[PDB]
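Okay, here we've got a single chain as structure tokens, the form deposited in one PDB entry, with questions on binding and movement later.
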């Protein structure tokens, strides 16, 4: 039955609903056409989505095309599709997505769900606030019974890529070199295997020297080895201290809090007892403990604070929408060709929120 499609600043995930996991996870990139994984596997010879917003429709179109014909190899006009979007996605954009679905792909029914909302749902809640860091953008999204509260949503323009960038900046500041992106898959994988999150950054840095375990070694392809020290924790710390990256903004912990502060008083406790982390960039060991402590400091001393980080939290969004689009309740929720013939692209504004 229903298709689920998670479109990301860097990674796309597609599958059928009722499935436990996707059935196509691929880069959100085009370059005969050159899409997805055939792009970063025959590299030498564009990122359509940027900070969660689509910037290029011809491309975006072609990814979807790829998703249906080459990836999920299925018929779009047979399937009600659930597409996901970023919190605060501009309006002309939710429209064009609707247009392109029913008219180009002639879909029978479709929905647009704020990514964060799926993740909160993936964990069996309907009230909570969700921190979702991917690759291009980080959002904090307070939620009340399945509805995002856009006025209290915050957007932090640093995620995964900014952190791969930062690791490659310091590692090069030491001597080593990378400027080809074939040699960046690399730094990415380093960031991923070895980086973690200090419970206390200054104390971590000041006691770093009595190392024992801090130190690690990574063999690059060209036989060469690199020694890695306080970088393991210093690069992900830019999430809490974005000054490390040159930017003047708040960290994820003060942002979450700032989002909680723009919400209705009568659910604030409920949001503090239900803060949910999701996205690839929240995968760091320690991040939960760290968020826990950071906000226990920001909150009244009596506020009960639970940070929740589900082990499948990198796929929380797609898992979330497979659960949702597979309930019966979901068809009294979807948008049909007829409703689309009656009212045009505008109907997203009314029906998806």
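We call the rigid core whatever largest set of C-alpha positions still superposes within 1.5 Å between the two forms. Residue numbers count along the first chain shown, from 1.
Per the record, residue 286 and residue 287 follow each other directly, and no deposited residue is missing between them.
According to the entry, the deposited sequence runs straight from residue 297 to residue 298 with no unmodelled residues in between. Higher average CA B factor: 221-229, of the stretches 221-229 and 248-256. Comparing 315-323 with 33-41, the higher mean C-alpha B-factor in the PDB entry belongs to 33-41. Comparing the C-alpha B-factors of 242, 136, 142, 175 in the entry, the top value falls on 175. Based on the entry's C-alpha B-factors, the most elevated value among 309, 305, 291, 60 belongs to 60. Annotation for residue 155: C-alpha temperature factor in the lowest third relative to the rest of the modelled chain, per the entry. Compared with the other modelled residues of the chain, the Cα B-factor recorded for residue 196 ranks in the lowest third. In this PDB entry, residue 80 carries a Cα temperature factor that places it within the middle third of its chain's modelled residues.
When the CA B factors of the chain's modelled residues are split into thirds, the value for residue 269 lands in the middle one. Residue-level temperature factors show residue 1 in the highest third of its chain, judged at the C-alpha atom.
Below: the form deposited in another entry, not depicted.
Superposed on the rigid core, the two forms differ between this form and the one not shown by 2 Å or more at the C-alpha of one listed residue only; from 185, 254, 192, 270 that residue is 185. When two forms of a protein are overlaid on their rigid core, residues whose CA moves 2 Å or more are considered shifted, and residue 145 is not one of them between this form and the one not shown. Taking 2 Å as the criterion, residue 39 counts as shifted between this form and the one not shown: its C-alpha moves by at least this amount when the rigid core is aligned. If you fit the rigid core between this form and the one not shown, you'll see the Cα of residue 172 move by 2 angstroms or more.
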